[PDB]
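What follows is a short report on a single structure.
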Amino acid sequence: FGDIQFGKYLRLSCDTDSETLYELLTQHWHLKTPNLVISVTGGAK
């Protein structure tokens, strides 16, 4: 748990589900979406 300064981050396991992640991110944190854009890279050193 915790915030970041130099920003809410979280260390999370791969075995967790998806629904209570959505409940955490919508109820505690900000609201929903009409759209959701995904860009995949990551090997771009």
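Numbering starts fresh at 1 for the residues of each chain in the structure tokens, the chains themselves are lettered A, B, ... in the order given, and ligands are numbered from 1 as they appear.
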### Message
For region 32-42 of chain A, find every residue with an atom within 12 Å (counting only C-alpha atoms), except residues of its own chain fewer than 5 positions away, and show them as a ChimeraX atom specification.
### Response
/A:22-27
Restrict the selected residues to N, CA and C atoms and save them as a PDB file, in the first residue's frame.
```pdb
ATOM      1  N   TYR A  22     -11.888  -4.056  -9.586  1.00  0.00           N
ATOM      2  CA  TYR A  22     -12.781  -3.038 -10.124  1.00  0.00           C
ATOM      3  C   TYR A  22     -13.563  -2.349  -9.014  1.00  0.00           C
ATOM      4  N   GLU A  23     -13.969  -3.105  -7.988  1.00  0.00           N
ATOM      5  CA  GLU A  23     -14.684  -2.510  -6.859  1.00  0.00           C
ATOM      6  C   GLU A  23     -13.787  -1.564  -6.068  1.00  0.00           C
ATOM      7  N   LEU A  24     -12.524  -1.952  -5.868  1.00  0.00           N
ATOM      8  CA  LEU A  24     -11.549  -1.095  -5.201  1.00  0.00           C
ATOM      9  C   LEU A  24     -11.276   0.162  -6.012  1.00  0.00           C
ATOM     10  N   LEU A  25     -11.156   0.015  -7.329  1.00  0.00           N
ATOM     11  CA  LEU A  25     -10.731   1.138  -8.149  1.00  0.00           C
ATOM     12  C   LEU A  25     -11.900   2.076  -8.441  1.00  0.00           C
ATOM     13  N   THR A  26     -13.136   1.589  -8.319  1.00  0.00           N
ATOM     14  CA  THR A  26     -14.277   2.455  -8.597  1.00  0.00           C
ATOM     15  C   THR A  26     -14.872   3.050  -7.326  1.00  0.00           C
ATOM     16  N   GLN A  27     -14.965   2.267  -6.251  1.00  0.00           N
ATOM     17  CA  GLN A  27     -15.648   2.753  -5.056  1.00  0.00           C
ATOM     18  C   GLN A  27     -14.735   3.628  -4.205  1.00  0.00           C
TER      19      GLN A  27
END
```
### Message
So that I can check the secondary structure, give me every residue of chain A assigned helix (DSSP H, G or I) by backbone DSSP, as a ChimeraX atom specification.
### Response
/A:19-28
